[PDB]
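Q: fold the following.
(4 chains, ligands or ions: 8)
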Amino acid sequence: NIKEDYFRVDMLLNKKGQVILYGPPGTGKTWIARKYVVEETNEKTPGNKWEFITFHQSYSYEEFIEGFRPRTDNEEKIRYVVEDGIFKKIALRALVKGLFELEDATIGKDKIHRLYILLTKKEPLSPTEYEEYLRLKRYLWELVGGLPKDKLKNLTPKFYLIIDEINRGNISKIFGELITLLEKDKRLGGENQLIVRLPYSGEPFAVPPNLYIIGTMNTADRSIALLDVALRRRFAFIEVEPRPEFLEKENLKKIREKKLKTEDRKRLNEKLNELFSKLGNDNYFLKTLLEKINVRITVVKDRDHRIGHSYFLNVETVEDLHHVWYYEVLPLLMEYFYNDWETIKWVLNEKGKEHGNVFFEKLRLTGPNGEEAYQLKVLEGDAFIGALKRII
Amino acid sequence: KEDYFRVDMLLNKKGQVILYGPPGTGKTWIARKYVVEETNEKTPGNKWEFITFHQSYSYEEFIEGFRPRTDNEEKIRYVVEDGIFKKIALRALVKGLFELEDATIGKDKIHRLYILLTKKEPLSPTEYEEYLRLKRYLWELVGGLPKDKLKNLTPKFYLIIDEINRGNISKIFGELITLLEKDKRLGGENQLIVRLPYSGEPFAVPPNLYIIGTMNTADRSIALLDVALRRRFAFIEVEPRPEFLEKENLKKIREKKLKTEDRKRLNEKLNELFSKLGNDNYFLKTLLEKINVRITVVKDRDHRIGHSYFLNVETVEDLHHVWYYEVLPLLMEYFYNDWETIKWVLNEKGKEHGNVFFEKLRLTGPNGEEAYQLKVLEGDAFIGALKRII
Amino acid sequence: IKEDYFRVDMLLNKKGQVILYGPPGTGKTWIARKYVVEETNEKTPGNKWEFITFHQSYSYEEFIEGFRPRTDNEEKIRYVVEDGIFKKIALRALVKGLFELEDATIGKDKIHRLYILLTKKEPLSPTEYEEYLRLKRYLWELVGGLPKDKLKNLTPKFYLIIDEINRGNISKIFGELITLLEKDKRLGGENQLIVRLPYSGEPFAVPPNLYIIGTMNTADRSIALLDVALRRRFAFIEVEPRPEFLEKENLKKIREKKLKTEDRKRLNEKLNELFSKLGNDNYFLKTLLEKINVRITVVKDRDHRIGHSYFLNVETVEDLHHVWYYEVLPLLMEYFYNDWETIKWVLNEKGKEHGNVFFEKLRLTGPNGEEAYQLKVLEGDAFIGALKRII
Amino acid sequence: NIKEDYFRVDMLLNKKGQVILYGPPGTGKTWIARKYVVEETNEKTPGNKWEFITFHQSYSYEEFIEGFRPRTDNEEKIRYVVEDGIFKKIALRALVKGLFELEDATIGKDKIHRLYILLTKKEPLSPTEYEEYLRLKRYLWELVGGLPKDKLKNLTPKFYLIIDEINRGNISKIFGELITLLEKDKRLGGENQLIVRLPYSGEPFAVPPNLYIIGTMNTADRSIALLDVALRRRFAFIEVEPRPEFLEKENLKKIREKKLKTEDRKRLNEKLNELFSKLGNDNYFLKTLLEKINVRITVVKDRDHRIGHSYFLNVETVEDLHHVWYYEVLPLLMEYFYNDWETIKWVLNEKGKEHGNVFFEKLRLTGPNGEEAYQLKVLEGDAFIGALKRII
Ligand SMILES: Nc1nc2c(ncn2[C@@H]2O[C@H](COP(=O)(O)OP(=O)(O)OP(O)(O)=S)[C@@H](O)[C@H]2O)c(=O)[nH]1
Ligand SMILES: Nc1nc2c(ncn2[C@@H]2O[C@H](COP(=O)(O)OP(=O)(O)OP(O)(O)=S)[C@@H](O)[C@H]2O)c(=O)[nH]1
Ligand SMILES: Nc1nc2c(ncn2[C@@H]2O[C@H](COP(=O)(O)OP(=O)(O)OP(O)(O)=S)[C@@H](O)[C@H]2O)c(=O)[nH]1
Ligand SMILES: Nc1nc2c(ncn2[C@@H]2O[C@H](COP(=O)(O)OP(=O)(O)OP(O)(O)=S)[C@@H](O)[C@H]2O)c(=O)[nH]1
Ligand SMILES: [Mg+2]
Ligand SMILES: [Mg+2]
Ligand SMILES: [Mg+2]
Ligand SMILES: [Mg+2]
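A: Residues are numbered from 1 along each chain as shown, chains lettered A, B, ... in the order given. Ligands and ions are numbered 1, 2, ... in the order given. Shown next is the structure:
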């Protein structure tokens, strides 16, 4: 079921240019973003073919594209150079690797490979050869400004920039005058080829058409669809919904044995069968538990306030299902409905019951105005599975 | 092992725990006694560090930020100073790699990095520059280590963050909101090494760090509402247990942290307390439980009185000072100018005169309003106004 | 007399930090200033105690620690982190407590060198500031190697008496102090906390000497200490507006406390002339403040009550006239701005429209059948007959 | 002048320490604050004895007593120094001027004179003498700690700070430390001498008893009114009601010839005789006009929105009364009752009238849903006085 989402991402990548994997948390929309880039680019490490970037409110324009930094120059001669960020370094690296395998750009191809080594250099650049990095970049954009739009419609090395939590950072502060470049119509190779200068260093800049921005985005904090007006038109949105198909016994055995496929995977099978023998006789218990609680969430609050399938994905026994339920999702369900006991009971569909193996026992006290509030109860053993069985 | 059976079993499962609960409950105490009993350090420093969050606590002073540093006569060289978290994350990683020997060549070089991380003094520019080079050697070494030798490191470090809901929790964990997960630790199933903004260095959380948050969840509008924060942190509800306020439990608590000679004087003071309470050894338990039920049913379940208010009582006068100067201004702050509820929380809904904390003023308002006043009681008449709650 | 003095002294040993909350006009700052002066024998702030007061611009960077430019050389402005008002006290209260110890804290040359650089009023030169920053790193290497029995009992009691604690954004000003203000989370307690500061990175912990007696007003409900985690730390003393002081004898005992029998004979005949015009009753201003504070309790709240700082400084009936029409009746009108049938009831003149009423009725009416009253400045003995009807 | 509004300010400011002259606009509040201080200090301009500042919403706490203000030095342009505001430059000025006639400062009477020069110095403080200013400031608060309270009760100057429109600023934030100093027995020399510790400079500070603060708030607006109950105790509110008795025939000749003591007293008197002779020889016309509007505004609007007696004070002729009516107070009356036409017709006592000699003519065109609105009429001549005689 993972190749069906790779075909959906790859369809909306070559059509739009960049993608937002928006979904409720507990979905693998960072892992889908991380594994699709690793599968397509064939680079397991985040370096020289792709880069991982996390946004936040403290993230600024000076460290994302370029800003000013002091260096380790001479002692009484501390200098402020324009050290490039990550997005300028990844778009230059996609442009340098794109022109390295081009046929009509053979005027200085022995120098473009020199510029490629400087961009995959995994350290701060030395000041005796930073001007060699400056002169090779000035040689490059002179060459791309004197090339037609015929040979720049596509570049075969497809670079990526996995931006995680893209709605956390203020996207207008870090994309100053450069949010228009992300569209396919305004990239370096569209008909509206726009080589904008940068406000520092006087250097021109334009993103190549192979650099793809795969963003991951939570949409359960407050965002639904209208929070991101500066990126809602440039970015193609994909609903990565919580699939509870990954909680079947056949699927849970296959997922955990994908990485740990050594001899201890047999020890998982005698452990996983011990879990699905204590949940009755069925293999569809964790799937029906997630489905019959996600339906009861999307009927009350919202669709994207849904419980993901990453909480229950790491259970091996009834004790680990006890730890997931009482410490990660029911303290998450109580903060969805803060002090509203008529519907947090109904999400677990025990609305008739007031006690007797219920997660929320009713206090015997009433209210002056008529308020009645319940109380959390810790269960353990076969009583807890008897309280989980009544949800499905 | 009565409450570390939850805490120690959730750290190996998720990586970090937030002990959320109403105030007056042992959230900082459980989070401090668990870290001290495991790392064997009575004070912070080498194996753990205590911090807390506030509104003026920002991203630059937590993990990585810019900072001017003029030493004696030099110009203002703008150094990048690692915050609190990177001086724990690098310190857990370097002490982690110091015990094994698989491909970590340069054990004197790793030891040179560990000395330059526990410096009490600020780093000289002749020593900071070699510290920057050895930190780049560290991530080039970790990037060439297998996941089988990085999945286990014996010196379990601890970063305990009290009041974790105070600071801007998305602004603080900036490049850390998708790294704190157990799958994305430095040695998990998806080893993710992200690049930090200011210094440009790669940085990933080693699997030693257990971030023991203790969120206060009394007041709303500052609690963790964002569900991406509610997933990396496995919460623990620490309910205010009134079972620590019986006779045999309160005597066992305060004797545990006391000497031998004063334990007999402490036992005599607790016999004198419950002899003045009517030979009722279950009194302060049912006092806190039958006032936490009334706060749960009216206000909410997270504004309950904790068991740290009444835990430090030793006589009837010490209960009198707790009841009039620590929980009655607290009860008048919950239900401000709402008198028909605060009489019912103390179940004095029908009692308006006599042995009651709130007498009624004799005249009503011009349009049918009526207010009360906090009557100060003393002695056995106070207990007679307290034993009618239970 | 000594009851509020002893009640502060009891709660400052049990919880550690007391708060005197109450309606404005009672003895909150006064009983806090008289407590610290009578306990430390130091009438002006200095080493043993420091008075501060909070506001909205009293941020974290100048209370505990923050960056502050300071060079003391008219050149080479050194951007260094300087300790705020609190950390200059809590480090002072610690290194003053590390004098009387016998052999636990072996720093008798290095602690006294740190104390003389903490009480130094002249700002620190950089050749001695490097000594102050090095000795403070010795202090938190010293504290941590001491037993809790030789650290709980530090002798000299230091006080940071603060004022209007609710007025500042108290959860922001108290930074690392939000988890250290319990009696058992200090130094020497059962669970000591050497917590770490953000900016300087040097660790910090409050000594058991430092008590924070902080007075606040609770009539502004816009800014009241409703954080339920900063009401567990503090002990809240109720300071109600007590009208017992506004007798004839209790006003004569208070106002003739510091006069040395020179103007006391003038004050005695002046209070004899005041109460001879009120009706020869010694209990006038007691039940005047009582019948207003009760009538303002049942209407507005318990917390907007008139204090006893207004009527305490009256000498003749003219001075009561100038404290009625100019301090409390403008106060009573701004509780009830254009709410006229309520403010008429606080003076219980609700049936009285014209004559000797403070709010005479306008002879006009409204087009939609409305009406509004007009304040009437009364003088002479007719003012007292308009005031005695309140009782 | 000296009868009521002067002798009740001077008695109450000497007893409480601070006076707020609250009242509706158009009343002598700024004027009685300006006249009292100039007639007391004998200095018709600000500077040495008194300072006239005014509050606003852009006013800072950092610019009032103490704050970090970046100054412009020669070789280091961005130099952040702590600069005392206007209140700390009048409280320290009132202290070191009053400490010229004391007998315990016998070691540093030259140092107090040198500190008084640095506070009266209108030139900006150079950093070579700013440390001389800070060394003398911390010498001062060492000297008043050794001064007895019997000698700090009588400081022979009388310094004033007329703050105007006090209620406009954030008075709880501007008076940061001053919300616990501003009391008669909490200044220096009082029964409770309080020397609080300032945040920024770290130097202690205490308001001297030499100082007085005469605020003049405005109470027509309500969102800026002073409802701080802990701050209303510090001040002593004086209601200056808008008195129509300053608009009689004998009173206009006594108010306008007191100030203008030139030879135009024969010119003003024959013009004021001609103005009231056109009004029907009614010596109490403008007294009755302002009284029968302020009462009719009090009953429907608030009591603090009344027309002051500063509009009709500067009238000279019927042409000047026509200018002050249709352009100052009639657009003011259309602001109080904005499209509430049945009220504003009633305030001018034209409720039944809808045509003829009237200010607001009725439109002969009703609306769709039964609504109807009126229209102004610019009157002139004796018909205007016939529209004013209906009010009284
Ligand atoms: N094999 C496999 N693992 C999955 C799948 N979906 C989720 N997971 C696992 O669950 C974990 C959570 O997925 P992840 O992508 O990290 O959530 P997230 O997008 O970061 O969540 P958030 O940041 O928006 S709050 C991952 O570590 C991954 O291993 C899946 O479809 N197949
Ligand atoms: N022995 C023992 N003491 C406890 C227990 N719970 C609380 N206490 C005591 O109560 C005191 C206060 O508890 P504490 O942990 O500090 O509350 P808190 O969580 O920090 O409260 P807040 O910061 O959210 S407001 C501690 O000093 C501790 O000694 C307990 O379970 N056992
Ligand atoms: N002798 C004596 N004087 C008192 C008493 N209560 C109040 N006063 C006097 O009243 C005056 C004002 O009291 P004060 O403490 O300043 O009010 P406050 O609570 O501080 O006012 P606030 O704005 O901060 S809320 C003081 O000068 C004090 O002398 C008392 O009980 N005894
Ligand atoms: N001679 C004299 N002039 C007066 C008197 N009352 C008001 N005035 C005049 O009114 C004019 C302005 O009044 P003023 O005091 O400035 O209003 P204001 O307090 O500033 O009004 P506001 O906008 O702040 S709310 C002055 O020119 C003054 O001459 C008075 O009683 N006697
Ligand atoms: Mg993610
Ligand atoms: Mg805590
Ligand atoms: Mg005060
Ligand atoms: Mg004015």
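Q: okay, and residue A:237 sits in which element?
A: strand A:236-239 (DSSP states H and E).
Q: neighbouring strands - and their directions - for that strand?
A: In the sheet, strand A:236-239 lines up against strand A:18-23 (parallel) (DSSP bridges).
Q: helices of the stretch 201-350 of chain A, start to end?
A: A:249-259, A:265-278, A:285-298, A:318-324, A:330-333, A:341-347 (DSSP state H, counting those that start in this stretch).
Q: to residue A:311, which of the ones you listed lies closest?
A: helix A:318-324 (5.2 Å; CB to CB). The way it works is simple: take the backbone N, C-alpha and C, and place the C-beta from them, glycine included.
Q: and chain B, is the closest one touching that?
A: Yes. Counting by CB under 8 Å from any CB of the partner chain, chain B has neighbours in helix A:318-324: A:320, A:323.
Q: for stretch A:336-354, same thing?
A: Yes. Judged by CB under 8 Å from any CB, stretch A:336-354 comes into contact with chain B through A:338, A:339.
Q: start to end distance for that stretch?
A: 21 Å (CA to CA, to the nearest Å).
Q: over to stretch A:81-92?
A: Where stretch A:81-92 begins and where it ends lie 18 Å apart, using CA to CA.
Q: ok, now how distant is residue A:225 from ligand 1?
A: 16 Å (CB to the nearest ligand atom, to the nearest Å).
Q: look at residue A:378 and say how many residues are nearby.
A: 10 (other CB atoms under 10 Å in any protein chain shown).
Q: likewise the one 5 residues further on?
A: Taking other CB under 10 Å as the criterion, the count of residues near residue A:383 is 12.
Q: now it, nearest residue through space, not along the chain?
A: Excluding its sequence neighbours, the residue lying closest to residue A:383 (CB to CB, 6 or more residues apart in numbering or on different chains) is residue A:357, at 5.4 Å.
Q: quick check: the one you found touching residue A:379?
A: Yes. With contact defined as CB atoms under 8 Å, residue A:357 counts as touching residue A:379 (6.7 Å).
Q: just to revisit the earlier point, got a list of what the residue nearest to residue A:383 touches?
A: Counting by CB atoms under 8 Å, 6 or more residues apart in numbering or on different chains, residue A:357 touches A:379, A:383, A:386, A:387.
Q: wait, residue A:301 sits on residue A:335?
A: No. Under the criterion of CB under 8 Å, residue A:301 is not in contact with residue A:335, lying 11.8 Å apart.
Q: the two: which is more packed in?
A: For residue A:301 versus residue A:335, the count of surrounding residues by other CB under 10 Å is larger for residue A:335: 19 against 15.
Q: nearest to ligand 2: which residue in chain A?
A: residue A:331 (16.1 Å; CB to the nearest ligand atom).
Q: still on that earlier bit, dump the helices of the stretch 201-350 of chain A to TSV, plus distance to chain C and mean neighbour count.
A: Output for the helices of the stretch 201-350 of chain A, formatted as TSV (distance: least, CB to the nearest CB, whole Å; neighbours: other CB atoms under 10 Å in any protein chain shown):
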stretch	distance to chain C	mean neighbour count
helix A:249-259	37	15
helix A:265-278	40	14
helix A:285-298	30	19
helix A:318-324	27	18
helix A:330-333	19	18
helix A:341-347	21	17
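Q: closest to residue D:157 out of the ones you listed?
A: Nearest of the helices of the stretch 201-350 of chain A to residue D:157, taken as CB to CB: helix A:330-333 at 67.0 Å.
Q: output that closest one as PDB, nothing but the C-alphas.
A: Extracted C-alpha coordinates of helix A:330-333, given in PDB (Å, rounded to 0.1, in the frame of the first residue of the first chain):
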ATOM      1  CA  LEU A 330      -6.400   8.800  26.100                       C
ATOM      2  CA  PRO A 331      -4.300  11.700  27.500                       C
ATOM      3  CA  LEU A 332      -4.600  12.900  24.000                       C
ATOM      4  CA  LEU A 333      -8.300  12.300  23.800                       C
END
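Q: one step back: overlap in contacts of residue A:357 and residue A:379?
A: Each of residue A:387 lies in contact with both residue A:357 and residue A:379 under the rule CB under 8 Å, 6+ apart.
Q: in this structure residue A:24 contacts residue A:301, no?
A: No. Here residue A:24 does not reach residue A:301: they are 10.8 Å apart, not a contact under CB under 8 Å.
Q: ok, residue A:206 - contacts?
A: So residue A:206 contacts A:91, A:144, A:181, A:187, A:188, A:193, A:194, A:195, A:196 (CB under 8 Å, 6+ apart).
Q: of these, grab the buried ones for PyMOL.
A: A single PyMOL command selects the buried members of these (16 or more other CB atoms under 10 Å in any protein chain shown):
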select buried, chain A and resi 91+144+181+187+188+193+194
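Q: need the contacts of residue A:206 in JSON lines with secondary structure, can you?
A: Shown next, in JSON lines, are these (DSSP: H, G, I helix; E, B strand; the rest coil):
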{"residue": "A:91", "secondary structure": "helix"}
{"residue": "A:144", "secondary structure": "helix"}
{"residue": "A:181", "secondary structure": "helix"}
{"residue": "A:187", "secondary structure": "coil"}
{"residue": "A:188", "secondary structure": "coil"}
{"residue": "A:193", "secondary structure": "coil"}
{"residue": "A:194", "secondary structure": "coil"}
{"residue": "A:195", "secondary structure": "coil"}
{"residue": "A:196", "secondary structure": "strand"}
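Q: of all residues in the stretch 1-150 of chain A, which one is closest to ligand 7?
A: residue A:57 (37.8 Å; CB to the ion).
Q: show me where chain A has strands.
A: In chain A, the segments counted as strands under DSSP state E are A:18-23, A:50-54, A:66-70, A:80-84, A:160-164, A:196-197, A:204-205, A:213-218, A:236-239, A:360-362, A:374-376.
Q: format those as a markdown table; extra columns: distance to residue A:261.
A: Shown next, in a markdown table, are these (distance: least, CB to CB, whole Å):
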| stretch | distance to residue A:261 |
| --- | --- |
| strand A:18-23 | 27 |
| strand A:50-54 | 25 |
| strand A:66-70 | 44 |
| strand A:80-84 | 41 |
| strand A:160-164 | 26 |
| strand A:196-197 | 49 |
| strand A:204-205 | 45 |
| strand A:213-218 | 27 |
| strand A:236-239 | 30 |
| strand A:360-362 | 42 |
| strand A:374-376 | 40 |
